Amino acid sequence: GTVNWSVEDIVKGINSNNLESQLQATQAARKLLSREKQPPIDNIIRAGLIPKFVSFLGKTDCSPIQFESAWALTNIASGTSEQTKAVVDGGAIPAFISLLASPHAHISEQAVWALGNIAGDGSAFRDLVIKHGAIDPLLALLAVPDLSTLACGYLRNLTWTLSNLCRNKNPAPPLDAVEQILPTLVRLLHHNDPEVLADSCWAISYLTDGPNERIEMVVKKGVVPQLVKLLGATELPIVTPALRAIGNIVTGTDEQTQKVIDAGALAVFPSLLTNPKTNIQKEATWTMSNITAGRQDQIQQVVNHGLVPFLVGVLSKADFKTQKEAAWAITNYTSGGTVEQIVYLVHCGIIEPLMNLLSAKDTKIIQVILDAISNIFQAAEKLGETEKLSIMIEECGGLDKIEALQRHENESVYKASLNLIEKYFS
Ligand SMILES: NCCCC[C@H](NCc1cccc(-c2cccnc2)c1)C(N)=O
Ligand SMILES: NCCCC[C@H](NCc1cccc(-c2cccnc2)c1)C(N)=O
């Protein structure tokens, strides 16, 4: 009946003076916009159908045409930014918000999905969805004693849309909106469905992707222990945002970082730092680099949990971007650490992999490593053992790499190189 209509016929039906003809044509449009291979979204838009779809959203008396038009519109709004804008410009946002409280679950759910795609397009549309009042009725759909009584797909949909209201930057979402959403987020974060957990984790990672005040309003809700638990999950779609969130949180204050350690995060890092997924290992090392930039007592906890050999491991062998993060973790450790902590680092074998990376055609990691070497000598000076350190560096071929850096493009590299040589190598 409604399979593979032409746009011309859809237009004829929607323009008819007959609600049933309009319904049948709207369903035809929905199916056309749903096809996997290149759905003719721009042709539907050019045909002027968006405002007609939007007017159908208001037909309380005909719930099937509300549903079909909602679905058609959602198909369009899930496209490019220009296509999402066409839907918003047709007046769809308040129409969809009014549909959240529909008695028909299928329709409500379609409106949830539409608003998530609109909000997800960017900061301005996100904020516009919020200004039209979407948050209260969305939260109201989750106001049941036990989330398990809700249909799984319905709950995943709501969680995903809430995560889009948390998502973008410049600006970040309104503080007021974040505080309104966060308690429901915390509740979703302990719900036993992997997709809900993943999307809740993503939402938390967005909210913590900012200044310390933003991190604080999340941490104050007490979610860090649950994040650390999820960090240990077997499902990669859960571990990835949980680690992103934890990583964001330790870019904050010493106290915020301490909550992460206190919750037992460091015990997961032997696995994370050797994870077969490259981006997990990269993000875990980044996280370590922010922890070693903390207090000496926090560095000591990294030591105590046996993580220094793992950092030596990543420095020794890893995707290059991961090795760069490891170099940062080592520079931060040596800038901030006690003499005894720095000695321990050398006893763990940091020198050879550090020196091997001076071969890297990448100016930034080089300065970073030279910085680390300078820091280690400084600790050695306080023990009167630069000579022993110099021999070490000399034996693994480090002197040759530093001397080769004499004749190198960069001024910081040059200067730092020659300084090290004349100061510690005859
Ligand atoms: N002074 C501005 C800040 C300088 C320090 C720092 N550079 C951050 C930075 C640089 C390069 C890479 C990352 C990174 C990589 C992988 C995962 N996660 C992150 C992070 C930052 N916090 O922006
Ligand atoms: N005062 C504490 C916060 C700043 C710490 C300070 N700045 C550098 C710093 C701290 C933490 C992480 C990074 C970093 C840079 C690039 C890539 N990945 C990670 C850099 C330092 N040298 O310890």
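Please treat every number below as a calculation from the coordinates, not as lab data. In this analysis, Cβ positions are derived from the backbone assuming ideal geometry, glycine residues included, and neighbour counts consider all displayed protein chains.
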Apart from one, (1) part of a helix (DSSP H, G or I); (2) over 20 Å from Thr338 (Cα atoms); (3) away from ligand 1 (no atom under 16 Å from the Cβ) all hold for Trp202; the odd one out is (3)
Is it fair to say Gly153 is over 26 Å from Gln110 (Cα atoms), of a type in the set (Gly, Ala, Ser) and free of Cβ contacts under 8 Å to residues at least 60 places away in the same chain?
-> no
Can you name every residue in segment 269-299 that is crowded, with 21+ Cβ neighbours inside 10 Å, of a type in the set (A, V, I, L, M, F, W, C) and either free of Cβ contacts under 8 Å to residues at least 24 places away in the same chain or closer than 26 Å to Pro211 by Cβ (or both)?
-> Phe269, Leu272, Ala284, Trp286, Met288, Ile291, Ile299
Considering residues that are outside any helix (DSSP H, G or I) and near ligand 2 (Cβ under 10 Å from one of its atoms), the number found within segment 293-347 is 3
Right, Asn304: within 16 Å of ligand 1 (Cβ to nearest atom) and either surrounded by fewer than 16 Cβ atoms within 10 Å (Cβ to Cβ) or β-branched (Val, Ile, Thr) (or both) or not?
-> no
Whichever residue in segment 318-341 is among the β-branched types (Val, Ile, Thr) and surrounded by fewer than 23 Cβ atoms within 10 Å (Cβ to Cβ) and, among such residues, is nearest to ligand 1 (Cβ to nearest atom) = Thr322
Single residue of segment 121-154 satisfying the filter (assigned to a loop (DSSP other than H, G, I, E, B), aliphatic (A, V, I, L, M) and over 21 Å from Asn75 (Cβ atoms)) that is farthest from the chain's Cα centre (by Cα) = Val144
Does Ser69 meet the test of being touching a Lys or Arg at 6+ places or on another chain (Cβ under 9 Å), assigned to a helix (DSSP H, G or I) and in contact (Cβ under 8 Å) with a residue 12 or more places away in the chain?
-> yes
In the set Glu255, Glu213, the lone residue that is without any contact (Cβ under 8 Å) to a residue 40 or more places away in the chain, assigned to a helix (DSSP H, G or I) and either over 28 Å from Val339 (Cα atoms) or under 17 Å from the mean Cα position of the chain (by Cα) (or both) is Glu213
Of all residues in segment 216-251 being outside any helix (DSSP H, G or I) and crowded, with 23+ Cβ neighbours inside 10 Å, which is nearest to ligand 1 (Cβ to nearest atom)?
-> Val250
State whether the residues of segment 293-304 include one that is among the acidic types (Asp, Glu) and over 21 Å from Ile261 (Cβ atoms).
-> no
So, in segment 18-50, of the ones that are closer than 17 Å to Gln66 by Cα and not in a helix (DSSP H, G or I), which residue ends up nearest to the chain's Cα centre (by Cα)?
-> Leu49
Answer from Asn168, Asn157 - the residue that is buried (at least 17 other Cβ atoms within 10 Å of the Cβ) and assigned to a helix (DSSP H, G or I) | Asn157
Those residues of segment 297-355 which are within 13 Å of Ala372 (Cβ to Cβ), hydroxyl-bearing (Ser, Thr, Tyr) and over 26 Å from the mean Cα position of the chain (by Cα) amount to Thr334, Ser335
(1) within 14 Å of ligand 2 (Cβ to nearest atom); (2) over 27 Å from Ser200 (Cβ atoms); (3) part of a helix (DSSP H, G or I); (4) of a type outside the set (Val, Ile, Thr): which one isn't true of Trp286, the others all being true?
-> (2)
Sole exception among (1) surrounded by 17 or more Cβ atoms within 10 Å (Cβ to Cβ); (2) assigned to a helix (DSSP H, G or I); (3) under 28 Å from the mean Cα position of the chain (by Cα) for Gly79, by number = (2)
Give segment 116-126 a look and list any residue that's surrounded by fewer than 18 Cβ atoms within 10 Å (Cβ to Cβ) and in contact (Cβ under 8 Å) with a residue 40 or more places away in the chain, or say none.
-> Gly122, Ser123
Exclusive hit being of a type outside the set (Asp, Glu) and closer than 26 Å to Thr149 by Cα, set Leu207, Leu189, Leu236 = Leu189
Within segment 259-268, residues part of a helix (DSSP H, G or I) and either touching a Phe, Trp or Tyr at 6+ places or on another chain (Cβ under 6 Å) or surrounded by fewer than 17 Cβ atoms within 10 Å (Cβ to Cβ) (or both) come out as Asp262, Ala267
Working only within segment 342-365, note down all residues that are of a type in the set (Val, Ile, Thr) and within 16 Å of ligand 1 (Cβ to nearest atom).
-> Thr363, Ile365
